[PDB]
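# Secondary and tertiary structure notes
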Amino acid sequence: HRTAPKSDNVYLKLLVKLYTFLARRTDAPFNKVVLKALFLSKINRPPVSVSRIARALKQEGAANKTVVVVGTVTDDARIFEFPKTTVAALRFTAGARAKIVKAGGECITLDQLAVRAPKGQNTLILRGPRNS
Amino acid sequence: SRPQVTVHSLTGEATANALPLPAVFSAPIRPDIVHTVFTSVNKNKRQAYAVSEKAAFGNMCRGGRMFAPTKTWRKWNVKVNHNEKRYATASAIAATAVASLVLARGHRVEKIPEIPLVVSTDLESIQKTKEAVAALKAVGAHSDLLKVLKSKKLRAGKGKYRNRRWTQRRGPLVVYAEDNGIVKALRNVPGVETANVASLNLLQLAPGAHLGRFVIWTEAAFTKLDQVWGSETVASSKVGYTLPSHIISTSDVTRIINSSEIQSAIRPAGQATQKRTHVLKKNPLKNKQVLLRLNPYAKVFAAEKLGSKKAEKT
Amino acid sequence: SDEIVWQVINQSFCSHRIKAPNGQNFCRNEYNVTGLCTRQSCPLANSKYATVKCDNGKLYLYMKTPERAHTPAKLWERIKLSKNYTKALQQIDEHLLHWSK
RNA sequence: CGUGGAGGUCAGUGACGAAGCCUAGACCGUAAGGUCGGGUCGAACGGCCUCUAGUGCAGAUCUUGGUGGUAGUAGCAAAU
RNA sequence: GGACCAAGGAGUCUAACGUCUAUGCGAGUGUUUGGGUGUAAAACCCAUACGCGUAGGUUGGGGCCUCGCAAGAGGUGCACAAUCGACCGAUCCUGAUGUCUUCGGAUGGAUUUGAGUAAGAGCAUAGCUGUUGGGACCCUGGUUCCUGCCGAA
RNA sequence: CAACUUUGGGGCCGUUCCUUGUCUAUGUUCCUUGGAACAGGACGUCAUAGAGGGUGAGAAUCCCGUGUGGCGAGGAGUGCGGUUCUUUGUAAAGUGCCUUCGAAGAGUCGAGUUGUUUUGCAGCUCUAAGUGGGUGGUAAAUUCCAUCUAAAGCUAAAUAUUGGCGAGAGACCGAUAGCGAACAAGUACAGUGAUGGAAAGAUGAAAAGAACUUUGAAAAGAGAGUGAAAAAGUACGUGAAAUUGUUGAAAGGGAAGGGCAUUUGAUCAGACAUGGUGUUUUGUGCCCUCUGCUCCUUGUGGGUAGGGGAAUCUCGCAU
Ligand SMILES: [Zn+2]
C-alpha cells in the first residue's frame, strides 16, 4: 500500500528515516514491522488502552519484555493495579502517562526504543482492536 | 538548549544578570500545523464581497447575468481547534529562538548579541521614537531596520488602487510585559511591531506561515513567558493547557544513527554507489579472452585441435 | 535540531535559495562554499562549517562551531590566509584537522 | 503549465525604460509553455514558499464589436 | 455547424448525511451564542450551560526469546479468524417453594438470537471525494491547459 | 397610638452634549540621469507624525494633512457640581402597632353552527357566575392539590432595516467588467400610451492646440514651427487580429493547403578570446628586521602604526 507516510509531521518523517536505516541495515524482521507500521493511517493506528496493555502483560513470560505501540497509549480508569514495565510508543495521553509513571514504570519514545533494542531484543508489539 | 540567556542593557552589553529559558523554546516545531492554522487564521480578517442580486440573460452574453453570481453566504471565517491554534503559536515561539530559522526567513541579525535577544524592562519606559530607535541601534538590529526601510516597494497588482498601495518587509518584534509608552515610541518606525506576552499574535509570529520572525524580548516579558505558557514547574495560567510533548526526544537523527551502539549493531555498508558489473555483453565464439574467463578447457581444446581430430582407421 | 532546521529550510522557504531552470537550487547565503542549497551546503542547516571568503584584499578562512550557536555576532572565526598558495592550502588542512572531507 | 488577487521573501527588476505589442531573431522544454535579442512603447512589474478563485475556448445557427466577398452589383424615395 | 477576426462565454456556491486522508486531544472532545481584552470586523483569555461519544479454552498467527554454524527445533504469542465454551436478553416447554383461585416463577431443557458481556474510541477542524436538494454546467446542441500511468463493457 | 424620617421652587456660573473656528514637527543638503527629480548615490533631521493625497516620474522630512495636545465661538440642556435667591401651610409623605372597614372590566365568559386557519379568528344564533371564574395535573377516589385573575390602558433597552442622512472599510470589478448609466443616463431614442431603453473614459507636464508663406470653392494640403515625444495634431496614451493600398521578390495560368528531406537564392548569428607552466632581470609592498597600538570569540586569533633593509635570503606583486 503506502511506501511512505502520507502525513507531514516532520518528527514522524525523522523516525521514518531512522527506522528505514534500521530496516535496511538490520536483519531482524522487527524494524521492517516497525517501518510498515509507521505508514499506517489514523484509522489504521487504533489507540491502545492501558487496560489492554496490562491484560497483555498477563501473558506468560512477558513481564521482563518491553512493550511497543505504534500509535497512542490511552488511559482507562477501569484498572487499578498496573505493573512496573517499560512502554514505548508514538503518543502518550497524560492520563496514561501518569498511569505508567505512577506505577513506577517508564514512558519511552521510539527513538529511545531503537537505542535500547536495535534488533528488537525482548519486545512486544500491541495493536489496538479495530472494529470500524 | 543552554540554561540561561544574558539580558542586555539599553546601551547594549551583557548585563550581569541572566534568565533561565522558559521551556517554551523546547516545544516541538511543526510547520505543517503552523501552516494549516495560518491559512485559517489569515482567512479571519476578511470582508465579504458580492455581485448585485438581479443585475441578454446569458453568461456568454454581453451585459447578461454572469455564471455563478457571487453570493455572500460562502464561508469566510474558518473554525480552528483551540489547542491546535495554541500549538501553532507554541511552535512559532520555539522557532524564534533558533535564528538559523530567522536567517532562513530573511532578517539582518548577523550582528546581534545573542538569541533569543533579551533587553532590560527599562526599554518599556521609553516614550520617544528617536530614543528607542537609538536603543535598537545599540542592540544591533539596525541592519534589519534598514532592510525594511529600503524594502518599500509598490504593489504590482490592481490592489494598489484598492488602498493596498505599498508593500515592504517585516522586521523586529518587541515583546513587552507592560506598556510604559514603548508602543507609541515604536509605532512610527516601520517594520517593528509590539506585542504583549498575553496575546502573541501568530500572524505577527510567523508571517506568511514562515517560522521564526526576529523577536526582541524585554526582561520582564521573558520571565512572564513562564507565566503565560507554564512549564513542568509553573502551571500554565491557561485553563487545562499543557505545553505539548515530543514523539522523538533527540532532534538529531544522524546523531542517533552514528552514535556508538547502533554503529555497533549494524552490518558493514556498501560502496555508497554501486559498482557496475557487466556494463556490456561480450560474446564468446569470438573475443577469446571472455571465452577464457569461461571454459578453461577451451585452451587445451584449441591446443590439441580436437575439432579437426582424425579418427582411427579401425 | 539541525535536521529539523534543514527540513524546514528544504521543504519550506529558504530565503537564500534560488531555483534554476534546470531544477537545481542555489543558496545566496554569503558563507555558502558551493553555490548550491543542499543538505551539506546550507550554512544555516549545519553548525560545523568553514568558508574561504575575501574581505577587501585578504582572503580569510571562516570557521563556524556549534559552540557558538547563540551569539551570532561572535559566530564566525577569521583566519588570514597566506599569499603562498601551497602554504595556505596547508593552513586549510591544519585548521581543518580531524574535520570532514 | 498558464491567469486575477492575497501573506511572506528575493534590502528582486524598473524613466540609462516596467507592462503591453511586433519580431521571415536566438535558446531551452516531450508538451502545456518558459528565457533572451531587436523594434515599438511609456510607469509600473516579476521569481520563489504558500493561500484564494468570476482561473485556461474554435465551435454552443453563443453575446457584442470590427472587417470581407457578394459588388461598383442589384438598383436610383431601398437612408439622405 | 460553420465569411473571417478580437474580446466575453458554460460543473459555481450552499445545506444534510457518507467514505477516505491529515491534524490536535483522548473516554473524552468541541474557545469565537455570549463575556473579558485589544495595536480593534484581527489576535488573546474564558464563567455557566449545551452538543456527540464513553460508562474462558483449543487451533493458528505478525513478531520476540532460547537453542541450533546454518537448516531448523522449542517457548511466549499482536491484530484477526475458526471451534468448543460460558453468561445476559429473547425464544418455546418444565411449572416447584409457595399459593387470596387465579397469582407465581423455582429448577431443568431447546434452537437460533445480538455491530450483546467477557477491559473502550471517540470528538473537533481541514482537505479530497460519494448521494440528495436548492436555478445546480450553459442554452436537442455546446461544455475552455499539457504529460504520464491504469483502463472495460 | 408611639415615634422617628423627609421636604419644594428658582436663578447664575461651570460641567456634559451638539455645531463649529484656530494653533501645534523635521532637507527642498551635494552628485548623476532626466523635459521635469518626487529616481539613483552620499550626508542629514523629525517622529505620540513613515495614514493618505497633491506638486511636470516611487516625496516622512515641498505643500495639505497625519500625530500629539492647546486655545476659542455659538447653541442644547438639567445630567450633576458649586454658588445665590427664596421657599410653612396646622403642608405633604413614609415605617411599625392597635381598632373599624375593606367595592371592580357582560352581548362579555361560555355553547352550537358556518367559513377560515392548523388550534385560534370571524359571522350567525343562543348566552352566564360571584367563597366567582380561568387553566393543569392528581386519585387509595361523593378526590385533593397546584396556579392566575380575562373581558380597560401605557411603557425604554436588548430587535429588524436592499429607504433617508451621513461616515469607514473590502483577498470585489477595472470601461463588453462593475449599477442600465465612470461621459450632459433613465439620457438620446422607440412606443399613442402603459413602458422599453442604448452607445459613449485616456492629447500633453504645460495647449506650449501648430505664428508665418503657399496650393486650395471649400474640404484638405505642402513648406515652417511648438513640444522630451506629433513613432502625442482636439480623428488625438498604447495601438493586436480579421481586412485594404503601394512597392519589392517569387509563383501561376482556370494554379487548393500541409508533413518529411535536401539544394538554390536571400539573409542572420558566429571571441570585446588572446592565456597557462617553468626560468631569469630589476623594483615595490601587509617580504625581512626592530619598535608599537588596538578588538574580543582569549585562539591553531583579528585589525593597525613608526623607522630600517632586499647588501643576503624569502613570499606576493609589478617588471
Ligand atoms: Zn538554503
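Chain B has the name 60S ribosomal protein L4-A in the PDB entry, where Saccharomyces cerevisiae BY4741 is given as its organism. Looking at the PDB record, one finds the entry titled "Yeast nucleolar pre-60S ribosomal subunit (state 3)".

You'll find chain A entered in the PDB entry as 60S ribosomal protein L18-A, with Saccharomyces cerevisiae BY4741 given as the organism.

Attention now moves to the overall build of chain A. Summing up its helical and strand segments, chain A has five helices and five strands in all. Going from N to C terminus, chain A has its helices and strands arranged as α-α-β-α-β-β-α-β-α-β. Computed over the C-alpha atoms, the radius of gyration of chain A is 14 Å, within 12% of the 14 Å expected from 2.2 N^0.38 for a compact globule of 132 residues. Taking the principal axes of the C-alpha coordinates as reference, chain A spans close to 40 × 30 × 25 Å. If you take every contact in chain A between residues at least 6 apart in sequence, the share linking residues at least 24 apart comes to 40%.

Secondary structure assignment for chain B yields twelve helices and eight strands. Whereas a compact globule of 314 residues would reach a radius of gyration of roughly 20 Å, chain B reaches 34 Å, over 25% beyond that. In terms of its C-alpha atoms, chain B occupies a principal-axis envelope of roughly 125 × 80 × 45 Å.

Relative to the elements of secondary structure, C:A73 occurs in the loop between β4 (59-64) and β5 (77-80). Ignoring sequence-local partners within four residues, the contact set of C:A73 consists of B:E110, B:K111 and B:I112.

Where strands meet in a sheet, backbone hydrogen bonds hold them as pairs that are either parallel or antiparallel. All names here are of chain C. Taken together, the three strands give an open sheet; going across it, the order is β3-β4-β5, and neighbouring strands pair in antiparallel fashion. Looking along the sheet, the strands with just one partner apiece sit at the ends: β3 (49-54) and β5. Averaged over all pairs of adjacent strands, the angle between their axes in this sheet comes to 25 degrees, without regard to strand direction. Note: β4 against β5, four bridges, orientation antiparallel. Across the sheet, residue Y60 finds its bridge partner in β5, namely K80.

Calculation notes
Residues are labelled from 1 along each chain in written sequence order, independent of how the entry numbers them, and those without coordinates are excluded. Working convention: letters from A go to chains and numbers from 1 go to ligands, in the order in which they are written. Values throughout apply to the visible chains only, these chains being members of a larger assembly. Think of the side-chain values as coming from all heavy atoms in the structure, minus any hydrogens and water. Residues with missing side-chain atoms are left out of burial classes, side-chain pairs and their counts. Numbering of helices and strands runs from the N terminus, with a helix taken as a DSSP run of H or I at least four residues long and a strand as a DSSP run of E at least two residues long. In this treatment the radius of gyration is a C-alpha quantity, and the globule benchmark scales as 2.2 Å times the residue count to the 0.38 power. Contacts between residues were defined by any pair of non-hydrogen atoms, one from each residue, lying within 4.5 Å. At least two DSSP bridges between two strands are required for those strands to pair. Angles shown run from 0 to 180 degrees and are taken between the N-to-C directions of axes, each axis being a line fitted to C-alpha atoms and, for helices, limited to the stretch in contact.

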